[PDB]
Amino acid sequence: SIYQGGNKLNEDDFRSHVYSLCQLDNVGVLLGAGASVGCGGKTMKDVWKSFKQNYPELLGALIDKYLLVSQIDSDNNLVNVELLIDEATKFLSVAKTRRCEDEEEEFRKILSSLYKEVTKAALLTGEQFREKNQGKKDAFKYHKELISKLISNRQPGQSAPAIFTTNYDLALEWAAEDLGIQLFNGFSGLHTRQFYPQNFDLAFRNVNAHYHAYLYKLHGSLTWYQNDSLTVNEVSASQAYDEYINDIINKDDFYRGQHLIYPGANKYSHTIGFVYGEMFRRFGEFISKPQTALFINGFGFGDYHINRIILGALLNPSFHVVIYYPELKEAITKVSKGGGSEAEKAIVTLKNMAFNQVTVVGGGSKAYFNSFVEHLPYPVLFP
Amino acid sequence: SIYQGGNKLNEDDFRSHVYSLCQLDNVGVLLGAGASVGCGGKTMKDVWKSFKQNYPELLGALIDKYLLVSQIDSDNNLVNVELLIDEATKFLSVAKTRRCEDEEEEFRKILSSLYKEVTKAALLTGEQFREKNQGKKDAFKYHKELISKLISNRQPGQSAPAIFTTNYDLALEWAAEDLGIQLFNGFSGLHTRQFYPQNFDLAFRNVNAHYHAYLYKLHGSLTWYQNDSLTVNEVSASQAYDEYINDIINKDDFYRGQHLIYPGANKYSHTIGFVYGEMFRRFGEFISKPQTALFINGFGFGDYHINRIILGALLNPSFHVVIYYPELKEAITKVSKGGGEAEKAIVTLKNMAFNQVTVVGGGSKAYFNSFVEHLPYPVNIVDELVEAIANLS
Amino acid sequence: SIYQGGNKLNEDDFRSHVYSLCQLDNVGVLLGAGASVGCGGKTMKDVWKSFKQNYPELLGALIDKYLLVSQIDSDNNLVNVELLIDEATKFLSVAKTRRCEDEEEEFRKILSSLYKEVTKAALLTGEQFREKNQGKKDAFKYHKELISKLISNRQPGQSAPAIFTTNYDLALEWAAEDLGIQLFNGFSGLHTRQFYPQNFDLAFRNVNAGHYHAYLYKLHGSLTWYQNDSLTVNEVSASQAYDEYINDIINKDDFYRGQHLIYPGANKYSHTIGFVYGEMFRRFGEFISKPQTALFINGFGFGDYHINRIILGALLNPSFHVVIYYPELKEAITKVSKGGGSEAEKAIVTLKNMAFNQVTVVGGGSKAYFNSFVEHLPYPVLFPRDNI
Ligand SMILES: NC(=O)c1ccc[n+]([C@@H]2O[C@@H](COP(=O)([O-])OP(=O)(O)OC[C@H]3O[C@@H](n4cnc5c(N)ncnc54)[C@H](O)[C@H]3O)[C@H](O)[C@H]2O)c1
Ligand SMILES: NC(=O)c1ccc[n+]([C@@H]2O[C@@H](COP(=O)([O-])OP(=O)(O)OC[C@H]3O[C@@H](n4cnc5c(N)ncnc54)[C@H](O)[C@H]3O)[C@H](O)[C@H]2O)c1
Ligand SMILES: NC(=O)c1ccc[n+]([C@@H]2O[C@H](COP(=O)([O-])OP(=O)(O)OC[C@@H]3O[C@@H](n4cnc5c(N)ncnc54)[C@H](O)[C@@H]3O)[C@@H](O)[C@@H]2O)c1
């Protein structure tokens with residue numbers, strides 16, 4: 001079931017492995033959109049099904065008139081969402097430059113509707129999204145426990161654990177609100193929100209002689225809507241519910257990148273998204289140290305950029321990965337018949353690297369999120 | 001040779017200021033595209049206009065049926081023809097999806113014609129192209145002297161030199177390599193030289209108790225290509241002249257599809273925007289180090305996205321700019337006539353009391369030789385080889 | 001049949017040996033075509049068999065006219081060609097000096113049609129030899145494992161191992177391509193690779209908060225060398241190679257005059273022009289002259305006079321080691337005791353018989369193959385399983 005160079009390893013020793021590794025200077029975790037699922041979020045499949053069910057006419061027109069995809073893919077549920085958005089953007093630019101009014105009218109709906117649905121799927125609660133007592137909710141036991149656990153495996157003189165989320169929902173300040181923790185992200189002041197690099201150099205300390213982590217918003221923000229005038233601002237999850245999200249979701253007007261969000265492969269057809277560059281440069285600088293550690297969970301395999309940086313400097317004897325993939329046996333079986341898509345071949349390459357710096361563990365029920373939470377032990381004063 | 005209000009100024013002060021600024025731990029130089037115009041260089045605009053004039057039969061379809069450009073815009077040289085072809089790169093897929101065969105043929109014919117037109121005049125080596133390191137020719141001998149100025153100005157225990165090239169050809173790079181120094185162009189290797197972002201933040205030293213330089217190509221490459229390797233492969237020129245450049249040189253009408261990686265195309269494909277984004281990131285954020293002096297020359301500020309990026313990159317408070325305008329008198333006369341956006345903006349910038357901006361309007365003093373001479377300097381090798389070789393019968 | 005002073009040793013002793021030798025200041029390895037038979041390639045035996053029964057004129061002349069060989073040796077297939085190559089060089093020298101004409105032509109033909117076959121036995125793949133991403137085949141997994149193990153075992157304060165190749169192909173560089181490994185073999189360059197004596201002290205560093213390499217010392221030159229009048233070796237890929245300098249096999253015949261640089265011949269002074277070769281030997285001598293340094297030999301065919309003489313003179317280093325994995329150990333000793341022996345087999349027999357415990361000869365047979373050698377080297381273990 002588990003193959004590591006033809007040998008066998010036990011999780012009992014891996015417990016001590018994690019416990020000792022976390023004591024190393026660098027500590028972090030590289031998650032994805034899988035975490036949102038644990039809190040009740042909607043996966044890509046659900047969003048695609050909703051879009052295809054709520055707009056049958058567009059699907060039929062695409063199937064018949066132009067045949068960008070075949071009905072076989074739809075029958076087998078092998079439809080990708082990002083490719084559709086990128087195709088829509090390129091066709092929209094073609095229309096805008098060719099001045100085809102009807103194509104512009106029929107394509108200024110696909111983009112606007114797609115982004116409206118993306119935003120609607122971003123929220124994890126619905127009408128409760130405007131309700132307060134956000135920390136007090138009982139569905140965030142995951143984040144509430146995990147933030148403290150990451151910060152509470154330390155003794156004075158160590159670093160700040162880093163949590164990686166790649167979802168629109170502002171779901172990380174909520175557990176922080178519950179526990180009073182401050183997941184810093186380089187912003188100061190409530191009434192006004194702005195970015196400053198120096199703000200990243202603040203850490204709590206006992207004066208008469210704290211628990212917090214740090215934030216990398218790789219997947220943009222839900223309310224940093226750039227007005228194309230050199231501005232960035234944030235509006236609380238209950239205040240933006242009426243100001244501009246309501247206007248752009250109910251006024252049925254022309255759609256642009258009103259609030260910056262990138263769910264499609266086409267990234268820099270609009271070149272004013274600077275969170276991309278800053279966050280990715282910081283991510284690149286992170287692995288530049290020895291005695292390094294990191295973990296992965298709740299993340300798929302479709303990220304060209306991050307998954308190039310991953311193996312970029314896995315040629316260090318201190319950077320590691322503890323990567324799980326429940327659908328690894330199926331991927332291997334599919335590849336054995338000739339090969340798969342980008343994801344299958346990428347995971348095969350990741351698993352087949354001849355190093356011991358990496359290891360893969362599976363088994364199905366044994367690799368659940370609750371199991372990942374339970375693996376972390378309680379710190380011991382006298383080991 | 002800087003004028004401000006009609007009073008003469010000495011070049012010694014500017015030379016001393018430049019020398020003082022060059023001592024910073026973060027310094028670099030840039031070479032303009034027009035500097036090579038005097039050494040047989042060519043611009044894509046000239047070939048584009050020559051081809052469009054020679055074949056006006058297709059012109060009607062290019063604008064009326066596609067509207068990527070307007071006749072006024074095409075004639076005014078206010079277009080990004082590279083972006084025109086890049087947009088054709090997706091028009092091809094649009095037609096294929098729509099089964100628009102006639103437009104597909106039109107796009108393919110124009111792409112191949114423009115490719116061959118640009119290629120045939122860019123060989124500059126005849127049938128001996130595949131010979132490696134053909135920079136030994138005396139045509140660029142003078143340029144070598146310039147490089148000699150970058151060796152005696154580097155003191156021990158100082159930041160290593162940085163090299164930035166603007167052209168997309170290796171004519172200057174072949175010479176630079178022939179001088180006998182190790183330069184990295186973002187890749188490492190001999191047979192299959194690939195892209196690796198780690199090398200952007202790594203240096204070299206001696207493990208036991210030293211000089212490294214970085215070559216930054218600002219126009220991609222004529223060598224960078226993609227043989228379905230899912231990566232970027234770079235090699236020497238010979239196998240390039242045998243693999244895919246041959247047909248681009250010889251075949252009149254021959255294209256295959258979205259396989260190669262140049263010259264800033266296929267961005268919508270995931271496989272080519274990644275490296276370009278990495279290079280843009282490093283270019284824009286390399287000035288993040290303290291004690292940095294940056295010089296930008298030859299940029300028209302005519303691109304919306306690049307203009308916005310430059311405006312946002314004002315974070316560095318130690319930026320200096322020098323602008324050479326060979327037609328300053330013409331701009332002044334035009335302003336005197338109540339006419340002329342770019343000309344008015346540059347005139348307004350030149351007509352303000354800001355000492356950190358340098359303007360040169362000598363006209364005939366802006367030549368390449370004058371610029372080389374302005375740089376500071378300290379203050380028959382092969383002749384006998386031919387005789388010795390000839391003596392031995 | 002295992003005998004070491006009438007006693008035996010357990011696996012723990014060998015494991016401690018491997019751990020200590022790897023953890024010493026320096027590590028050693030030497031690679032030859034010995035066990036390169038199980039990868040689907042070809043051996044020189046088939047090449048010689050084809051050569052004898054495909055060129056009747058020269059074989060008949062040698063048997064009858066030249067008398068430079070013996071029929072019995074050819075029948076037994078135990079003859080050597082390297083001595084014949086040296087004899088060809090000497091014959092060409094004398095014939096050129098004396099101003100003979102026909103013999104000049106015949107010996108030029110012999111030399112060129114022998115160089116052709118010398119280069120012809122370094123493909124192992126066929127037509128697909130000319131492509132990129134060459135490190136994507138089943139024949140390099142063991143090479144990848146060995147290189148990763150040899151490059152990983154250098155904790156802080158420990159340098160990269162030195163590797164010796166002694167064949168024609170570049171399988172190891174091709175295993176290097178696939179893992180971001182650049183096995184610095186004495187040449188660093190893209191357009192022109194020139195020998196810089198100071199290139200041995202260059203490596204990557206984590207300047208602002210990949211350190212993999214070795215020293216693949218080449219003492220046979222390289223198949224990928226083409227010698228120009230400029231006294232420099234610009235270097236090419238496998239496909240560029242197949243294109244521009246080894247297409248003479250089919251189109252043309254016997255027009256090769258000192259382009260690529262590889263010599264099976266025993267003599268090292270007919271090819272005296274090179275002086276960097278003495279620098280390679282000097283690097284070997286620097287290797288021999290340090291304590292806690294070990295050399296491992298797998299693939300050496302007992303065919304040197306300079307390097308092996310340095311081995312004898314250097315084995316007197318209190319820590320230099322010399323070990324060979326050669327299954328035919330009992331047979332050679334028995335044959336020597338029976339009055340046989342080869343040109344150099346007596347030398348290895350003596351080195352086994354040398355009274356130095358610094359050198360120990362260990363066999364086993366099936367466990368002494370290149371696969372076992374690759375599997376032997378373990379990875380560094382800092383965080384993983386420990387003791388106490
Ligand atoms: N604005 C910015 O600052 C910025 C910068 C860079 C990137 N981004 C965005 O960041 C990237 C975030 O990644 P993403 O949104 O494209 O997708 P993703 O990688 O976050 O998720 C892909 C999906 O795979 C699913 N999945 C999990 N396990 C799976 C399995 N075993 N098999 C199959 N599927 C599985 C998950 O439900 C889901 O994560 C976006 O690509 C990109 O738009 C934004
Ligand atoms: N790493 C790299 O290889 C790299 C780096 C930077 C740019 N590029 C190139 O840039 C990317 C896109 O091209 P681009 O639009 O940024 O550059 P560009 O030079 O093609 O366009 C810049 C703008 O300047 C305007 N302009 C005004 N006056 C001009 C003049 N006298 N001469 C030239 N232009 C004048 C043009 O209208 C417009 O092209 C492509 O990848 C590639 O073509 C590549
Ligand atoms: N003149 C020069 O400048 C120059 C250049 C390179 C090497 N050299 C040197 O040249 C000498 C020969 O080169 P090498 O050491 O690389 O050769 P090598 O390492 O390739 O020798 C191994 C080969 O396998 C053996 N072999 C193959 N088939 C056999 C068979 N059927 N039966 C028995 N034995 C068989 C042969 O002994 C042959 O030597 C070396 O001492 C040394 O490398 C000199």
# chains A, B, ... in the order shown; residues from 1 in each chain; ligands from 1
>>> interface_residues(of="chain A", to="chain B", cutoff="6 Å", atoms="only C-alpha atoms", output="compact mmCIF listing (two decimals) with N, CA, C and O atoms, in the first residue's frame")
# COMPACT_ATOMS: atom_id res chain seq x y z
N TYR A 66 -20.29 26.02 -31.75
CA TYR A 66 -18.84 26.12 -31.85
C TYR A 66 -18.08 24.88 -31.39
O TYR A 66 -16.94 24.69 -31.82
N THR A 97 -11.95 43.86 -29.97
CA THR A 97 -11.07 44.45 -30.97
C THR A 97 -11.66 44.37 -32.38
O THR A 97 -11.34 45.22 -33.22
N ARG A 98 -12.50 43.37 -32.65
CA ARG A 98 -13.15 43.26 -33.95
C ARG A 98 -14.45 44.05 -34.02
O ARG A 98 -15.02 44.19 -35.11
N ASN A 266 -5.92 32.48 -17.49
CA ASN A 266 -5.57 33.82 -17.95
C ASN A 266 -5.45 34.73 -16.73
O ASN A 266 -6.45 35.04 -16.08
>>> interface_residues(of="chain B", to="chain C", cutoff="8 Å", atoms="only C-alpha atoms", output="count of residues only")
25
>>> closest_atom_pairs(of="chain A", to="chain C", cutoff="10 Å", atoms="only C-alpha atoms", output="CSV")
residue,atom,partner,partner_atom,distance
A:13,CA,C:385,CA,8.1
A:14,CA,C:384,CA,9.0
A:16,CA,C:383,CA,9.6
A:17,CA,C:383,CA,7.0
A:18,CA,C:383,CA,9.9
A:20,CA,C:383,CA,7.9
A:21,CA,C:383,CA,7.8
A:284,CA,C:209,CA,9.6
A:285,CA,C:209,CA,6.1
A:286,CA,C:209,CA,7.0
A:287,CA,C:209,CA,7.7
A:288,CA,C:209,CA,4.6
A:289,CA,C:209,CA,5.4
A:290,CA,C:206,CA,8.9
A:311,CA,C:179,CA,10.0
A:312,CA,C:210,CA,8.3
A:313,CA,C:210,CA,5.8
A:314,CA,C:210,CA,7.6
A:315,CA,C:210,CA,4.8
A:316,CA,C:210,CA,5.6
A:317,CA,C:152,CA,7.2
A:318,CA,C:383,CA,9.5
A:353,CA,C:179,CA,8.9
A:354,CA,C:145,CA,6.5
A:355,CA,C:148,CA,7.4
A:356,CA,C:379,CA,8.0
A:357,CA,C:384,CA,9.9
>>> residues_near_ligand(ligand="ligand 3", cutoff="9 Å", atoms="only C-alpha atoms and all ligand atoms", output="PyMOL selection string")
chain C and resi 31-34+43-45+48+77-80+82+165-168+218-222+261-274+277+299-308
>>> select_by_dssp(residues="stretch 17-111 of chain A", states="strand (DSSP E or B)", output="number ranges by chain")
A: 28-31
>>> write_last_selection(atoms="C-alpha atoms", output="mmCIF file, in the first residue's frame")
data_model
loop_
_atom_site.group_PDB
_atom_site.id
_atom_site.type_symbol
_atom_site.label_atom_id
_atom_site.label_comp_id
_atom_site.auth_asym_id
_atom_site.auth_seq_id
_atom_site.Cartn_x
_atom_site.Cartn_y
_atom_site.Cartn_z
ATOM 1 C CA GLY A 28 4.581 26.276 8.127
ATOM 2 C CA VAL A 29 1.834 24.526 6.200
ATOM 3 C CA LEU A 30 0.970 24.590 2.472
ATOM 4 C CA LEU A 31 -2.770 23.963 2.162
#
>>> residues_near_ligand(ligand="ligand 2", cutoff="6 Å", atoms="only C-alpha atoms and all ligand atoms", output="MDAnalysis selection string")
chainID B and resid 78:80 82 217:220 263:264 276 279 300 302:303
>>> write_last_selection(atoms="C-alpha atoms", output="PDB file, in the first residue's frame")
ATOM      1  CA  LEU B  78       1.276  53.640 -32.956  1.00  0.00           C
ATOM      2  CA  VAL B  79       0.697  49.874 -32.877  1.00  0.00           C
ATOM      3  CA  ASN B  80       2.270  46.884 -31.129  1.00  0.00           C
ATOM      4  CA  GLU B  82       4.171  42.045 -31.801  1.00  0.00           C
ATOM      5  CA  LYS B 217      17.920  39.245 -21.654  1.00  0.00           C
ATOM      6  CA  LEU B 218      15.121  41.811 -21.955  1.00  0.00           C
ATOM      7  CA  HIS B 219      13.651  40.501 -25.245  1.00  0.00           C
ATOM      8  CA  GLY B 220      13.362  36.771 -24.627  1.00  0.00           C
ATOM      9  CA  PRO B 263       8.854  36.459 -28.776  1.00  0.00           C
ATOM     10  CA  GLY B 264       6.371  37.048 -25.962  1.00  0.00           C
ATOM     11  CA  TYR B 276       8.021  35.756 -18.487  1.00  0.00           C
ATOM     12  CA  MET B 279      11.690  37.588 -15.416  1.00  0.00           C
ATOM     13  CA  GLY B 300       8.751  55.878 -24.737  1.00  0.00           C
ATOM     14  CA  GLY B 302       3.681  54.475 -24.547  1.00  0.00           C
ATOM     15  CA  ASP B 303       2.234  51.314 -22.954  1.00  0.00           C
TER      16      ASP B 303
END
>>> select_by_dssp(residues="stretch 117-234 of chain C", states="helix (DSSP H, G or I)", output="ChimeraX atom specification")
/C:117-120,127-129,138-152,171-177,197-201
>>> residues_near_ligand(ligand="ligand 1", cutoff="8 Å", atoms="only C-alpha atoms and all ligand atoms", output="VMD selection string")
chain A and resid 32 to 34 37 43 to 44 82 166 to 167 217 to 221 260 to 265 267 273 to 280 298 to 303 325 to 328
>>> write_last_selection(atoms="C-alpha atoms", output="PDB file, in the first residue's frame")
ATOM      1  CA  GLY A  32      -5.275  24.700  -0.596  1.00  0.00           C
ATOM      2  CA  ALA A  33      -9.010  24.978  -1.160  1.00  0.00           C
ATOM      3  CA  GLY A  34      -9.575  21.586   0.473  1.00  0.00           C
ATOM      4  CA  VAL A  37     -14.610  21.948   2.286  1.00  0.00           C
ATOM      5  CA  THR A  43     -16.124  22.367  -4.295  1.00  0.00           C
ATOM      6  CA  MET A  44     -15.354  23.156  -7.932  1.00  0.00           C
ATOM      7  CA  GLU A  82     -10.633  27.582 -15.589  1.00  0.00           C
ATOM      8  CA  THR A 166      -6.057  29.957  -1.209  1.00  0.00           C
ATOM      9  CA  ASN A 167      -9.769  30.782  -1.000  1.00  0.00           C
ATOM     10  CA  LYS A 217      -3.084  35.652   1.060  1.00  0.00           C
ATOM     11  CA  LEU A 218      -1.911  33.846  -2.061  1.00  0.00           C
ATOM     12  CA  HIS A 219      -5.429  33.630  -3.545  1.00  0.00           C
ATOM     13  CA  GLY A 220      -6.246  37.330  -3.443  1.00  0.00           C
ATOM     14  CA  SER A 221      -8.888  38.981  -1.279  1.00  0.00           C
ATOM     15  CA  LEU A 260      -9.788  41.679  -8.010  1.00  0.00           C
ATOM     16  CA  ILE A 261     -10.140  37.883  -8.121  1.00  0.00           C
ATOM     17  CA  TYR A 262      -8.360  35.368 -10.370  1.00  0.00           C
ATOM     18  CA  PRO A 263      -9.895  31.878 -10.695  1.00  0.00           C
ATOM     19  CA  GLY A 264      -8.827  31.332 -14.327  1.00  0.00           C
ATOM     20  CA  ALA A 265      -5.595  30.479 -16.129  1.00  0.00           C
ATOM     21  CA  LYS A 267      -3.943  35.882 -15.193  1.00  0.00           C
ATOM     22  CA  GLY A 273      -2.909  42.507  -9.548  1.00  0.00           C
ATOM     23  CA  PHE A 274       0.133  43.038  -7.332  1.00  0.00           C
ATOM     24  CA  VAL A 275      -0.746  40.596  -4.541  1.00  0.00           C
ATOM     25  CA  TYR A 276       0.346  37.885  -6.980  1.00  0.00           C
ATOM     26  CA  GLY A 277       3.890  39.212  -7.269  1.00  0.00           C
ATOM     27  CA  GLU A 278       4.378  40.153  -3.621  1.00  0.00           C
ATOM     28  CA  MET A 279       2.994  36.935  -2.143  1.00  0.00           C
ATOM     29  CA  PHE A 280       4.793  34.699  -4.639  1.00  0.00           C
ATOM     30  CA  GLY A 298      -6.448  20.102   1.491  1.00  0.00           C
ATOM     31  CA  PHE A 299      -4.779  21.079  -1.794  1.00  0.00           C
ATOM     32  CA  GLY A 300      -5.201  19.710  -5.299  1.00  0.00           C
ATOM     33  CA  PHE A 301      -2.571  19.445  -8.030  1.00  0.00           C
ATOM     34  CA  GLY A 302      -3.187  22.018 -10.746  1.00  0.00           C
ATOM     35  CA  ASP A 303      -0.916  24.896  -9.711  1.00  0.00           C
ATOM     36  CA  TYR A 325      -3.038  12.065  -2.122  1.00  0.00           C
ATOM     37  CA  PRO A 326      -5.990   9.719  -1.499  1.00  0.00           C
ATOM     38  CA  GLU A 327      -6.454   9.292  -5.266  1.00  0.00           C
ATOM     39  CA  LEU A 328      -2.874   8.117  -5.812  1.00  0.00           C
TER      40      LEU A 328
END
>>> residues_around(residues="residue B:112", least_positions_apart="4", cutoff="7 Å", atoms="only C-alpha atoms", output="PyMOL selection string")
chain B and resi 108+116+253-255
>>> atom_distance(atom1="atom CA of residue A:179", atom2="atom CA of residue A:145")
9.4 Å
>>> atom_distance(atom1="atom CA of residue C:280", atom2="atom CA of residue C:227")
18.5 Å
>>> atom_distance(atom1="atom CA of residue C:322", atom2="atom CA of residue C:286")
15.8 Å
>>> residues_around(residues="residue C:91", least_positions_apart="2", cutoff="12 Å", atoms="only C-alpha atoms", output="list in words")
residues 66, 68, 84, 85, 86, 87, 88, 89, 93, 94, 95, 96, 97, 98, 100, 103, 104, 105, 106, 107, 108, 110 and 111 of chain C
>>> closest_residue(among="C:281, C:35, C:50, C:319", to="residue C:368", atoms="only C-alpha atoms")
C:35
>>> residues_around(residues="stretch 229-246 of chain A", least_positions_apart="2", cutoff="9 Å", atoms="only C-alpha atoms", output="VMD selection string")
(chain A and resid 119 129 to 132 170 190 to 195 221 to 227 248 to 251 259) or (chain B and resid 312)
>>> closest_residue(among="C:25, C:343, C:279, C:57", to="residue C:156", atoms="only C-alpha atoms")
C:25
>>> decode(residues="stretch 80-133 of chain B", atoms="C-alpha atoms", output="short mmCIF file (atom, residue, chain, number, x, y, z; two decimals), in the first residue's frame")
data_model
loop_
_atom_site.label_atom_id
_atom_site.label_comp_id
_atom_site.auth_asym_id
_atom_site.auth_seq_id
_atom_site.Cartn_x
_atom_site.Cartn_y
_atom_site.Cartn_z
CA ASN B 80 2.27 46.88 -31.13
CA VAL B 81 2.77 44.66 -34.17
CA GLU B 82 4.17 42.04 -31.80
CA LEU B 83 0.81 42.22 -30.02
CA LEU B 84 -0.92 42.04 -33.41
CA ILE B 85 0.81 38.72 -34.13
CA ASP B 86 0.24 37.54 -30.55
CA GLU B 87 -3.47 38.22 -31.02
CA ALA B 88 -3.31 36.30 -34.30
CA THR B 89 -1.95 33.43 -32.20
CA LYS B 90 -5.42 33.18 -30.64
CA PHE B 91 -7.34 34.15 -33.78
CA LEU B 92 -5.96 30.91 -35.20
CA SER B 93 -7.61 28.87 -32.44
CA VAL B 94 -10.78 30.96 -32.81
CA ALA B 95 -10.98 30.01 -36.49
CA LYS B 96 -10.14 26.37 -35.77
CA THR B 97 -12.92 26.17 -33.18
CA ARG B 98 -15.29 27.91 -35.61
CA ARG B 99 -13.89 25.87 -38.53
CA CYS B 100 -13.19 29.19 -40.28
CA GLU B 101 -10.77 27.74 -42.81
CA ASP B 102 -10.35 30.82 -45.02
CA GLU B 103 -9.42 33.05 -42.09
CA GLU B 104 -7.11 30.27 -40.88
CA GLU B 105 -5.29 30.31 -44.23
CA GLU B 106 -5.13 34.11 -44.20
CA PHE B 107 -3.59 34.12 -40.70
CA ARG B 108 -1.13 31.34 -41.55
CA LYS B 109 0.02 33.00 -44.78
CA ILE B 110 0.58 36.35 -43.08
CA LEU B 111 2.36 34.77 -40.12
CA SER B 112 4.73 32.83 -42.37
CA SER B 113 5.38 35.81 -44.65
CA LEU B 114 6.23 38.10 -41.73
CA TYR B 115 8.35 35.39 -40.09
CA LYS B 116 10.44 34.86 -43.22
CA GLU B 117 10.72 38.60 -43.86
CA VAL B 118 12.09 39.21 -40.36
CA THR B 119 14.35 36.14 -40.45
CA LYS B 120 16.04 36.54 -43.83
CA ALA B 121 17.54 39.93 -42.92
CA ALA B 122 18.56 38.85 -39.39
CA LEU B 123 21.02 36.08 -40.30
CA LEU B 124 24.01 38.46 -40.59
CA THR B 125 26.26 35.41 -41.07
CA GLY B 126 25.50 33.90 -44.48
CA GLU B 127 25.92 30.14 -44.69
CA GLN B 128 28.34 30.11 -41.72
CA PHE B 129 25.62 30.84 -39.15
CA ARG B 130 25.91 27.60 -37.18
CA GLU B 131 29.59 28.30 -36.45
CA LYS B 132 29.81 29.00 -32.73
CA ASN B 133 31.04 32.31 -31.29
#
